[PDB]
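A single chain comes next, written as C-alpha coordinates; it is the form deposited in one PDB entry.
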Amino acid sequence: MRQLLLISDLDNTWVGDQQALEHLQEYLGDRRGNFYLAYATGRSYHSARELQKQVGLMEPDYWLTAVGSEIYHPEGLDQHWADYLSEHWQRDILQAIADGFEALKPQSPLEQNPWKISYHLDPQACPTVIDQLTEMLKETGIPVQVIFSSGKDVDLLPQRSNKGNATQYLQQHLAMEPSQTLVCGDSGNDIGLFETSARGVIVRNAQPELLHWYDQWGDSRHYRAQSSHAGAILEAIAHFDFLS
(Lines give C-alpha, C1' and ligand atoms only; values in the text may rest on other atoms or scores of the structure.)
Protein backbone atom coordinates (compact mmCIF):
# COMPACT_ATOMS: atom_id res chain seq x y z
CA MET A 1 0.00 0.00 0.00
CA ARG A 2 3.07 2.23 -0.03
CA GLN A 3 4.71 3.77 -3.09
CA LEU A 4 8.15 2.24 -2.67
CA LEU A 5 9.72 -1.03 -1.50
CA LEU A 6 13.36 -0.17 -0.77
CA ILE A 7 15.73 -3.13 -0.52
CA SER A 8 19.40 -2.58 0.16
CA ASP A 9 22.53 -4.39 1.16
CA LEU A 10 24.28 -2.94 4.22
CA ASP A 11 28.08 -3.21 4.09
CA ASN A 12 29.63 -1.08 1.33
CA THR A 13 26.17 -0.05 0.14
CA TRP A 14 23.99 1.57 2.81
CA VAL A 15 27.00 1.59 5.16
CA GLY A 16 30.53 2.83 4.48
CA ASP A 17 30.11 6.59 4.08
CA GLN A 18 28.76 7.87 7.40
CA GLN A 19 27.85 11.30 6.01
CA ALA A 20 25.92 9.82 3.08
CA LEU A 21 24.24 7.30 5.35
CA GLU A 22 23.09 10.18 7.54
CA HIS A 23 21.64 12.38 4.82
CA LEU A 24 20.00 9.33 3.20
CA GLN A 25 18.31 8.51 6.49
CA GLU A 26 17.50 12.16 7.12
CA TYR A 27 15.71 12.35 3.78
CA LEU A 28 13.90 9.02 4.19
CA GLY A 29 13.14 9.93 7.79
CA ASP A 30 10.86 12.74 6.59
CA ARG A 31 8.56 10.38 4.66
CA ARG A 32 8.88 7.17 6.68
CA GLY A 33 5.30 6.15 5.93
CA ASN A 34 5.72 6.23 2.15
CA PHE A 35 8.01 3.22 1.78
CA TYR A 36 8.75 -0.25 3.11
CA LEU A 37 12.39 -0.79 3.97
CA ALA A 38 14.26 -4.08 3.93
CA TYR A 39 17.94 -4.73 4.53
CA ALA A 40 19.11 -7.65 2.38
CA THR A 41 22.47 -8.48 3.91
CA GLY A 42 24.95 -11.33 3.94
CA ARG A 43 25.20 -10.87 7.69
CA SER A 44 23.29 -13.01 10.16
CA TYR A 45 20.44 -11.27 11.99
CA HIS A 46 22.51 -10.81 15.17
CA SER A 47 25.39 -9.35 13.19
CA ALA A 48 23.00 -7.07 11.29
CA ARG A 49 21.62 -5.83 14.63
CA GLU A 50 25.10 -5.15 15.98
CA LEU A 51 25.91 -3.13 12.87
CA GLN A 52 22.71 -1.11 13.37
CA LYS A 53 23.95 -0.06 16.81
CA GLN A 54 27.41 0.73 15.46
CA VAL A 55 26.38 3.09 12.65
CA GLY A 56 22.84 3.93 13.75
CA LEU A 57 20.87 2.18 10.99
CA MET A 58 17.25 3.27 10.81
CA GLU A 59 14.75 0.56 11.75
CA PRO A 60 13.66 -1.42 8.67
CA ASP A 61 10.31 -3.12 8.18
CA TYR A 62 12.01 -6.39 7.25
CA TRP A 63 15.40 -8.05 7.52
CA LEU A 64 16.47 -10.39 4.72
CA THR A 65 19.55 -11.83 6.40
CA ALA A 66 22.30 -14.29 5.57
CA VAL A 67 21.81 -13.65 1.86
CA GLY A 68 18.07 -14.20 2.16
CA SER A 69 18.28 -17.53 4.01
CA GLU A 70 16.35 -16.06 6.93
CA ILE A 71 13.60 -13.45 6.84
CA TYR A 72 12.59 -11.45 9.91
CA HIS A 73 9.28 -9.64 10.16
CA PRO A 74 8.58 -7.07 12.87
CA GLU A 75 6.85 -9.98 14.63
CA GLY A 76 9.77 -12.39 14.18
CA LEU A 77 11.38 -15.10 12.04
CA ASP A 78 9.33 -16.22 9.04
CA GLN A 79 8.74 -19.93 9.58
CA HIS A 80 6.98 -20.35 6.23
CA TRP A 81 10.10 -19.14 4.43
CA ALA A 82 12.25 -21.45 6.55
CA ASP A 83 10.09 -24.49 5.74
CA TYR A 84 10.03 -23.46 2.08
CA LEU A 85 13.86 -23.39 1.91
CA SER A 86 14.17 -26.69 3.81
CA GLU A 87 12.32 -28.60 1.09
CA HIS A 88 14.75 -30.85 -0.83
CA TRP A 89 17.71 -29.08 0.81
CA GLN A 90 20.46 -31.47 1.92
CA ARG A 91 23.01 -29.41 3.86
CA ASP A 92 25.20 -32.31 5.04
CA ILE A 93 25.87 -33.70 1.57
CA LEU A 94 26.74 -30.31 0.08
CA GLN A 95 29.05 -29.51 3.01
CA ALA A 96 30.85 -32.84 2.62
CA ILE A 97 31.56 -31.95 -1.00
CA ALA A 98 32.61 -28.36 -0.33
CA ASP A 99 34.77 -29.43 2.64
CA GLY A 100 36.72 -31.61 0.22
CA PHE A 101 38.07 -28.61 -1.71
CA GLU A 102 41.58 -27.75 -0.56
CA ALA A 103 41.17 -24.14 -1.75
CA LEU A 104 38.19 -23.62 0.56
CA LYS A 105 38.30 -22.97 4.29
CA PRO A 106 35.10 -22.94 6.35
CA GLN A 107 33.93 -19.55 7.58
CA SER A 108 33.35 -19.21 11.32
CA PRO A 109 30.40 -21.20 12.73
CA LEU A 110 28.42 -18.04 13.46
CA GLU A 111 28.38 -17.33 9.71
CA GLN A 112 26.59 -20.64 9.12
CA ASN A 113 22.91 -21.51 9.44
CA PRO A 114 20.69 -24.43 8.31
CA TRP A 115 20.32 -22.97 4.81
CA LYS A 116 23.77 -21.40 4.46
CA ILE A 117 27.18 -23.04 4.09
CA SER A 118 29.99 -20.52 3.72
CA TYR A 119 33.69 -20.69 2.95
CA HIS A 120 36.66 -18.45 2.22
CA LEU A 121 38.50 -19.00 -1.06
CA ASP A 122 42.28 -19.16 -0.74
CA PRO A 123 43.60 -15.84 -2.13
CA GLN A 124 46.43 -17.84 -3.70
CA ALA A 125 44.07 -20.28 -5.40
CA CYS A 126 42.68 -20.04 -8.92
CA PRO A 127 39.11 -18.60 -8.89
CA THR A 128 38.26 -21.17 -11.57
CA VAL A 129 37.85 -23.69 -8.74
CA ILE A 130 34.47 -22.11 -7.94
CA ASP A 131 33.22 -23.29 -11.34
CA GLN A 132 34.36 -26.84 -10.59
CA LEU A 133 32.68 -26.66 -7.17
CA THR A 134 29.45 -25.34 -8.69
CA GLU A 135 29.35 -28.11 -11.29
CA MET A 136 30.09 -30.78 -8.70
CA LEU A 137 27.41 -29.46 -6.34
CA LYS A 138 24.79 -29.04 -9.07
CA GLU A 139 25.28 -32.59 -10.31
CA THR A 140 24.14 -33.91 -6.93
CA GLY A 141 20.63 -33.04 -8.04
CA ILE A 142 20.20 -31.07 -4.82
CA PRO A 143 18.68 -27.65 -5.58
CA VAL A 144 21.69 -25.51 -4.73
CA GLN A 145 23.31 -22.29 -5.88
CA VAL A 146 26.78 -20.87 -5.32
CA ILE A 147 27.26 -17.20 -4.43
CA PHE A 148 30.78 -15.84 -5.00
CA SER A 149 31.63 -12.30 -3.91
CA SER A 150 34.53 -9.93 -3.27
CA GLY A 151 36.74 -12.55 -4.88
CA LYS A 152 36.87 -14.58 -1.66
CA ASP A 153 33.46 -15.33 -0.08
CA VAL A 154 31.57 -18.47 -1.05
CA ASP A 155 28.02 -19.22 0.09
CA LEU A 156 26.09 -22.41 -0.60
CA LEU A 157 22.33 -21.80 -0.58
CA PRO A 158 19.09 -23.51 -1.60
CA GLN A 159 18.19 -22.58 -5.17
CA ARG A 160 15.03 -20.97 -3.60
CA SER A 161 17.17 -18.32 -1.53
CA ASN A 162 19.01 -14.96 -2.90
CA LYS A 163 18.47 -11.74 -2.00
CA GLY A 164 16.51 -11.78 -5.18
CA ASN A 165 14.19 -14.68 -4.36
CA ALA A 166 13.73 -13.36 -0.82
CA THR A 167 12.82 -10.03 -2.42
CA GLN A 168 10.22 -11.46 -4.81
CA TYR A 169 8.68 -13.30 -1.85
CA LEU A 170 8.48 -10.05 0.13
CA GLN A 171 7.01 -8.21 -2.88
CA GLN A 172 4.22 -10.76 -3.15
CA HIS A 173 3.78 -10.64 0.64
CA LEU A 174 3.35 -6.84 0.55
CA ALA A 175 1.52 -6.75 -2.79
CA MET A 176 4.21 -4.43 -4.15
CA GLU A 177 5.03 -4.31 -7.87
CA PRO A 178 8.54 -4.60 -9.37
CA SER A 179 7.99 -1.12 -10.82
CA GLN A 180 7.61 0.05 -7.21
CA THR A 181 10.75 -1.73 -6.03
CA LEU A 182 14.34 -0.50 -5.83
CA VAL A 183 17.15 -2.92 -5.03
CA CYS A 184 20.57 -1.60 -4.05
CA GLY A 185 23.79 -3.62 -4.04
CA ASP A 186 27.58 -3.71 -4.39
CA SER A 187 28.72 -7.30 -4.92
CA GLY A 188 28.31 -10.87 -6.07
CA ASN A 189 25.85 -11.68 -3.30
CA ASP A 190 23.59 -8.94 -4.68
CA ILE A 191 23.35 -10.36 -8.21
CA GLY A 192 20.15 -12.17 -7.31
CA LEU A 193 18.62 -8.75 -6.58
CA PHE A 194 19.42 -7.46 -10.06
CA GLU A 195 18.10 -10.68 -11.56
CA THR A 196 14.64 -9.60 -10.36
CA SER A 197 12.50 -7.26 -12.45
CA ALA A 198 12.78 -4.54 -9.80
CA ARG A 199 14.53 -1.25 -10.48
CA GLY A 200 18.11 -1.45 -9.31
CA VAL A 201 21.16 0.60 -8.48
CA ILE A 202 24.76 -0.56 -8.51
CA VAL A 203 26.87 1.64 -6.24
CA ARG A 204 29.96 3.34 -7.68
CA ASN A 205 32.22 1.37 -5.31
CA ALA A 206 30.82 -1.97 -6.52
CA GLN A 207 32.99 -5.11 -6.55
CA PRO A 208 34.41 -6.50 -9.84
CA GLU A 209 31.98 -9.42 -10.13
CA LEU A 210 28.97 -7.13 -9.92
CA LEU A 211 30.28 -4.70 -12.54
CA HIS A 212 31.13 -7.62 -14.82
CA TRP A 213 27.61 -8.94 -14.26
CA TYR A 214 26.20 -5.57 -15.25
CA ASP A 215 28.24 -5.51 -18.48
CA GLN A 216 26.69 -8.79 -19.59
CA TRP A 217 23.15 -8.69 -18.18
CA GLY A 218 22.61 -5.03 -17.37
CA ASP A 219 19.33 -3.70 -18.75
CA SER A 220 17.03 -0.65 -18.80
CA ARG A 221 15.95 -1.15 -15.18
CA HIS A 222 19.55 -1.18 -13.90
CA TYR A 223 21.23 2.08 -12.93
CA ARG A 224 25.00 2.50 -12.64
CA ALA A 225 25.33 5.21 -9.99
CA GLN A 226 28.03 7.89 -9.96
CA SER A 227 27.84 8.21 -6.18
CA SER A 228 29.25 5.59 -3.84
CA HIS A 229 27.63 3.96 -0.81
CA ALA A 230 24.39 5.48 0.53
CA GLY A 231 24.75 8.40 -1.86
CA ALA A 232 24.02 5.94 -4.67
CA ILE A 233 20.65 5.18 -3.10
CA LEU A 234 19.58 8.83 -3.01
CA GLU A 235 20.80 9.18 -6.58
CA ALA A 236 18.75 6.17 -7.70
CA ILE A 237 15.62 7.41 -5.93
CA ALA A 238 15.83 10.64 -7.94
CA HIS A 239 16.77 8.81 -11.16
CA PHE A 240 13.76 6.46 -11.06
CA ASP A 241 11.75 9.37 -9.68
CA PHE A 242 10.50 7.44 -6.64
CA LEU A 243 8.85 9.20 -3.70
CA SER A 244 7.59 11.89 -6.07
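Only residues modelled in both forms are compared. If you superpose the two forms and keep the largest set of C-alpha atoms that fall within 1.5 Å, you have the rigid core. Numbers for residues come from their place in the sequence shown, where the first is 1.
The form deposited in another entry is left out here; the points below concern that form.
Trainee: If I superpose the two forms on their rigid core, does the C-alpha of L133 end up displaced by 2 Å or more between this form and the one not shown?
Mentor: For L133, whose C-alpha is compared between this form and the one not shown after core superposition, the shift is 2 Å or more.
Trainee: Inspect the rigid-core superposition and answer whether the C-alpha of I71 shifts by 2 angstroms or more between this form and the one not shown.
Mentor: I71 C-alpha, core-superposed: shift of less than 2 Å.
Trainee: With both forms fitted on the core, check whether the Cα of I117 differs by 2 Å or more between this form and the one not shown.
Mentor: Comparing the forms between this form and the one not shown, which are aligned on their rigid core, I117 does shift its C-alpha by 2 Å or more.
Trainee: Relative to the superposed rigid core, which consecutive-residue segments of length 3 or more display CA displacements of 2 Å or more between this form and the one not shown?
Mentor: Flagged stretches (3+ res, CA at least 2 Å): 78 to 80, 85 to 162.
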